[PDB]
Amino acid sequence: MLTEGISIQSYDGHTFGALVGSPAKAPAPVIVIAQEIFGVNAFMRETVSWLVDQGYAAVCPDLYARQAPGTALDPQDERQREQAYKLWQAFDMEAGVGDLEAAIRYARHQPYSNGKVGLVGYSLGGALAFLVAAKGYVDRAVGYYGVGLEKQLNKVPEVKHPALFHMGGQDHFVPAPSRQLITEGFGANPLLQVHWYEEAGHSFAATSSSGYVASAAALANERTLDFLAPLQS
């Protein structure tokens with residue numbers, strides 16, 4: 001689901017929709033949310049709601065619009081999960097970073113914007129959060145269980161604004177050797193924080209996922225809100 005009428009343009013000219021939530025009290029800092037592999041679906045709608053209820057505005061861009069605009073897949077449906085994995089395998093990560101850069105610029109000057117913008121991404125979006133943090137487009141970035149971060153460690157010195165990552169200790173997209181690489185590599189830059197939730201795997205913050213872990217989602221979410229609070233006016 002997206003907000004009708006909302007359109008954002010990327011540097012290369014491509015335009016895409018987004019799901020937007022404005023809080024009752026504005027102006028407010030705006031959080032661009034970077035999707036998982038299912039498009040802008042119920043969990044993204046829930047993430048927009050959570051942030052708006054905490055007093056932020058939120059913009060979740062349709063990152064799959066270069067492939068199939070308006071994709072919103074149900075993770076409980078096997079056929080739609082297969083579609084999600086196909087779209088993820090074809091996903092242009094660089095174009096994704098560029099579309100998020102465009103959404104961040106957009107978020108700086110909407111009616112409800114206070115001019116500060118943060119980014120929170122999940123899974124595919126968590127990997128994109130790190131890439132965006134290396135570019136320096138946002139004030140603060142957060143990534144929940146980003147995949148493949150152990151392959152982007154050459155970018156650690158490029159991060160010049162804070163970025164926070166929540167990783168599951170039982171997430172097998174990040175096995176022990178990968179966790180060691182990430183832990184050692186991110187350890188070199190104090191602007192990066194990475195927490196490991198030992199009893200959680202992938203998707204632990206999504207209440208409808210079989211991987212949901214209430215205690216880890218709650219600790220991570222509170223850390224995320226404390227990390228974003230300085231963006232408030």
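FYI, the numbering just counts along the sequence from 1. Heavy-atom basis, side chains included; hydrogens, waters and symmetry copies ignored.
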| message | What verdict does the side chain to side chain contact (heavy atoms under 4.5 Å, CB included) test give for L87 and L73, after you've listed the backbone C-alpha separation in whole Å, the side-chain angles of each residue and the deciding distance to 0.1 Å? | response | CA-CA 11 Å; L87 289 172; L73 299 163; 4.1 Å; yes
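- Residues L124 and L19 fall into different hydrophobic clusters, defined by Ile, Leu, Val, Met, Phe, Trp and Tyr side chains chained together at heavy-atom separations under 4.5 Å.
- In this structure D53 satisfies the salt bridge (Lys or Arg N to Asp or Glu O under 4.0 Å) test with no other residue, sequence neighbours excluded.
- Put simply, NE2 on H161 and CG on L119 are 13.0 Å apart, with the number rounded to the nearest 0.5 Å.
- Between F16 and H14, the two ring planes are parallel [angle under 30°; tilted spans 30° to 60°].
- Under the side chain to side chain donor-acceptor pair (under 3.5 Å) criterion, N189 pairs with no residue, sequence neighbours left out.
- Two residues are said to be in side-chain contact when any heavy atoms from C-beta on lie closer than 4.5 Å; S215 and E199 fail this criterion.
- A distance of 11.5 Å separates CE in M1 from CG in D62, rounded to the nearest 0.5 Å.
- With values rounded to the nearest 0.5 angstrom, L164 atom CG is found 8.0 Å from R223 atom CZ.
- Screening residues 18-55 for ring pair (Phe, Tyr, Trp, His ring centres under 6.0 Å), with sequence neighbours left out, gives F43-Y122.
- With rounding to the nearest 0.5 angstrom, the CE atom of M167 is 9.0 Å from the OG atom of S178.
- Rounding to the nearest 0.5 Å places CD of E46 at 11.0 Å from CG of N41.
- Looking at heavy atoms from C-beta onward, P162 lies out of side-chain contact with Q193 at the 4.5 angstrom threshold.
- Here the shortest heavy-atom pairing between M93 and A127 reads CE-CB, 4.0 Å.
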| Candidate pair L228 and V120, rule side chain to side chain contact (heavy atoms under 4.5 Å, CB included), full reasoning | CA-CA 9 Å; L228 295 177; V120 174; 4.0 Å; yes
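- Partners of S233 under the side chain to side chain donor-acceptor pair (under 3.5 Å) rule, at least two apart in sequence or in another chain, are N114.
- Annotation for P61 and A18: closest pair CA-CB, 3.7 Å, computed over non-hydrogen atoms.
- Remark: side-chain polar atoms of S123 are not paired, donor with acceptor, to backbone N or O of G125 under 3.5 angstrom.
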| request: Report the C-alpha distance between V59 and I6 in whole Å, list the side-chain angles of each, state the deciding distance to 0.1 Å, and finish with yes or no for side chain to side chain contact (heavy atoms under 4.5 Å, CB included). | output: CA-CA 10 Å; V59 172; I6 295 297; 5.8 Å; no
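- Residues in residues 160-179 take part in these salt bridge (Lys or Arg N to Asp or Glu O under 4.0 Å) pairs, two or more places apart or across chains: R179-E198.
- Judged as a side chain to side chain donor-acceptor pair (under 3.5 Å), and not counting sequence neighbours, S203 has no contacts.
- Smallest separation of non-hydrogen atoms from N154 and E158: O-OE2, 4.3 Å.
- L181 and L153 get closest at one heavy-atom pair: O-CD1, 3.2 Å.
- Counting only residues at least two apart or on different chains, the ring pair (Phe, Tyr, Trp, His ring centres under 6.0 Å) pairs with a member in residues 53-77 are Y64-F91.
- Follow the hydrophobic side-chain contacts under 4.5 Å out from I37 and you reach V132 in the same cluster.
- In the hydrophobic clustering of this structure, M44 does not group with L128; members are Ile, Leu, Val, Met, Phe, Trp, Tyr whose side-chain heavy atoms approach within less than 4.5 Å, directly or through other members.
- Applying the 6.0 Å contact sphere to CD of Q76 captures no more than 12 heavy atoms from other residues, nucleotides or ligands.
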Solution key, residues 24-36 side-chain donor-acceptor pairs under 3.5 Å, sequence neighbours excluded:
{"unit_1": "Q35", "atom_1": "OE1", "unit_2": "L63", "atom_2": "N", "d": "3.1"}

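- Residue pairs meeting the salt bridge (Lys or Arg N to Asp or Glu O under 4.0 Å) criterion with at least one partner in residues 116-129, sequence neighbours excluded, do not occur; the list is empty.
- Cluster membership check: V52 does not share its hydrophobic cluster with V20, using side-chain heavy-atom separations under 4.5 Å among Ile, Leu, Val, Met, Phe, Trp and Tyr.
- The structure places NE2 of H172 at 7.0 Å from CD of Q170, a figure rounded to the nearest 0.5 Å.
- Between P230 and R140, some side-chain heavy-atom pair lies under the 4.5 Å cut-off.
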Distance-only donor-acceptor pairs under 3.5 Å for side chains of residues 144-151, two or more places apart:
{"unit_1": "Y144", "atom_1": "OH", "unit_2": "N221", "atom_2": "OD1", "d": "2.7"}
{"unit_1": "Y144", "atom_1": "OH", "unit_2": "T224", "atom_2": "OG1", "d": "2.8"}
{"unit_1": "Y145", "atom_1": "OH", "unit_2": "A205", "atom_2": "N", "d": "3.1"}

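- A donor-acceptor pair is defined here as one N or O able to donate and one able to accept, closer than 3.5 Å; such a pair exists between the side chain of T71 and the backbone of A68.
- Identified under the ring pair (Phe, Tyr, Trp, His ring centres under 6.0 Å) test for residues 174-201, with sequence neighbours left out: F130-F186, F165-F186, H166-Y197, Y197-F204.
- Connection of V48 to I8 is not established within any shared hydrophobic cluster, with ILVMFWY side chains joined at heavy-atom distances below 4.5 Å, either directly or through further cluster members.
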Donor-acceptor pairs are to be reported for all side-chain atoms of residues 94-110 against protein atoms at under 3.5 Å, with residues two or more places apart or in another chain.
{"unit_1": "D99", "atom_1": "OD1", "unit_2": "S10", "atom_2": "OG", "d": "2.8"}
{"unit_1": "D99", "atom_1": "OD1", "unit_2": "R66", "atom_2": "NE", "d": "3.4"}
{"unit_1": "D99", "atom_1": "OD1", "unit_2": "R66", "atom_2": "NH2", "d": "2.8"}
{"unit_1": "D99", "atom_1": "OD2", "unit_2": "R66", "atom_2": "NE", "d": "2.9"}
{"unit_1": "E101", "atom_1": "OE1", "unit_2": "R105", "atom_2": "NH1", "d": "2.8"}
{"unit_1": "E101", "atom_1": "OE2", "unit_2": "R105", "atom_2": "NH1", "d": "3.2"}
{"unit_1": "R108", "atom_1": "NH1", "unit_2": "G115", "atom_2": "O", "d": "3.0"}
{"unit_1": "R108", "atom_1": "NH1", "unit_2": "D139", "atom_2": "OD2", "d": "2.8"}
{"unit_1": "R108", "atom_1": "NH2", "unit_2": "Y137", "atom_2": "O", "d": "3.1"}
{"unit_1": "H109", "atom_1": "ND1", "unit_2": "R105", "atom_2": "O", "d": "3.1"}
{"unit_1": "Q110", "atom_1": "NE2", "unit_2": "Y106", "atom_2": "O", "d": "2.8"}

